[PDB]
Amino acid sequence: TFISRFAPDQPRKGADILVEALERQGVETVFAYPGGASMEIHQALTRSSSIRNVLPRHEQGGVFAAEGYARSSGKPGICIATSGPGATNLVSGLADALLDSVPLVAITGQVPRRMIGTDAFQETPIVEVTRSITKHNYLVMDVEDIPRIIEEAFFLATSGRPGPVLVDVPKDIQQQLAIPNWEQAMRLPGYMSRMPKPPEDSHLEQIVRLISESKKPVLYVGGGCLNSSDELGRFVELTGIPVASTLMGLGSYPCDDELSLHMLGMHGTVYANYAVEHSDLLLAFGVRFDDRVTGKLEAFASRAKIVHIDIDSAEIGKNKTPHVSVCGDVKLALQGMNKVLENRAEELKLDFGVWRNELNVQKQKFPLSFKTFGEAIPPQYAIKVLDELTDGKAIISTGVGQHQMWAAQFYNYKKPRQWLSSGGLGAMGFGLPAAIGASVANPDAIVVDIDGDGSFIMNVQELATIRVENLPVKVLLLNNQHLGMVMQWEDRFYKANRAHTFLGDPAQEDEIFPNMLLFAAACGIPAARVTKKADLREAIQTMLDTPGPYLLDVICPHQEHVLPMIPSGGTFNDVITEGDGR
């Protein structure tokens, strides 16, 4: 039974109704940056004794923090911004949450209703701007609609395929007195009638039937399985099918497990891409067949019977036409299939040891490899050390680029929601703010931001947020003085012709620029730099043992290349396995 701070017959400001609507949704943390159009909301937040606000230093940091909060907990992330420039700064985060299907509720202030359309002070049609980069949005036109719209916003953001929902609130609605009706019914008749039903038994029996008839099955696991780690692990026990995971699905099935094929796709392991290439049964659970995974669609699983389970019917058959399809929650599909596999276990006699041995040969002939040049620190090795010293229990957020791939390749994530990374949009500057949101959602957890020097500086202002909020955020900064991923493509396809990919100072060309240690020093964050591989282990240990925030500047040779690499739109026979920028 919820307890209000107001009487059931007492009028209150619309902003106070909005905050209570968040309290009734179980919201404990918001990321709000104040402004003229949202000042009433911020006043109402201070009257709440249960909602904590983490003030960022940039609204993009606010929405990215809301993402990390959501990605690391399953709860919806809530960020608030003012109208105009505050709202437009949320754009990259909204598009990022939509492409990666992250539950998020963004609240933006707006000019009063009578001013909409007049090009008023700090007015942008944020609903028109964000309509194509949000799951849904609203423009509240009456204070009495606040309880209903907030309930619909959280329902849409978290149900079905999760996504971002934006609620635009005019300032006059925030100031108007009203008595909220919390028993309003939601006006989502179409969306609720099309919600996927629990999977039929006839569909699940035919999938188990296809498993016993297959000799080379491969699990194709993605972000849709982040809530099915137990059901998926039970499914792999009953079948013994090797598991190939996407960038978004890392952690659903443990990386250090005997049956793990690790990541597949453009930068996936050779054996994972080999397994999908020569498979006859592809179990696509919670994936969307991204071009970064498939390459040339006609050659992707060209001789496999494809079973696609997805909660979004618009995804089934979008890029790759499956033989069998199940539109529903993969968590329930795994539960129903696990029941069938237990009863008919001895009847089925499932054994893929010949297929597993064929893959284990590829796993030992073509494993993930990296060179060690003198005393220079290999970035892959630094992430390996961080894995050991944290026992693989840390929450990892990354930016975008070479460091992002190495953090996916060389860290053994044991559970889902340890891996917070922008995969669909691939937005730089995601790492640091996402670590902020993950730390607030998991206060007793090890949170490390494996960032690149280009991505880290984009939202470097959030170092102030880390210090003020006293968050134990660790920053493992893999510094190669370059936009490394674009540099790698320059080496491969443009004769190593540098086109504005160097991030240092050409005048002092051999100096580490910028001095990231002084960025942390400006925000009272202890920091250190390591250059030689011998000192790396003690440096990372110092970062972990030092209470509170810490920044570790890890200098890496820039000529490293992420390997292996299937060129964009290529096939498995086009995979690149050797070479760098030397």
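When you see a residue number, it is the position in the sequence shown, counting from 1.
Of the two segments examined, 111-119 and 133-141, it is 111-119 that shows the higher average Cα temperature factor in the deposited entry. When the two stretches 200-208 and 416-424 are set side by side, the higher mean Cα temperature factor goes to 200-208. If you compare the C-alpha temperature factors of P85, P189, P125, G336 in the entry, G336 comes out highest. Among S302, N480, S101, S73, the highest C-alpha B-factor recorded in the PDB entry belongs to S302. Residue-level temperature factors show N515 in the lowest third of its chain, judged at the C-alpha atom.
Among the modelled residues of its chain, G548 has a C-alpha B-factor that falls in the middle third according to the deposited record. Remark: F410 belongs to the middle third of its chain, ranked by C-alpha B-factor as recorded.
When all modelled residues of the chain are sorted by CA temperature factor, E342 is found within the highest third. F235: CA B factor in the middle third of modelled residues in this chain (values from the PDB entry).
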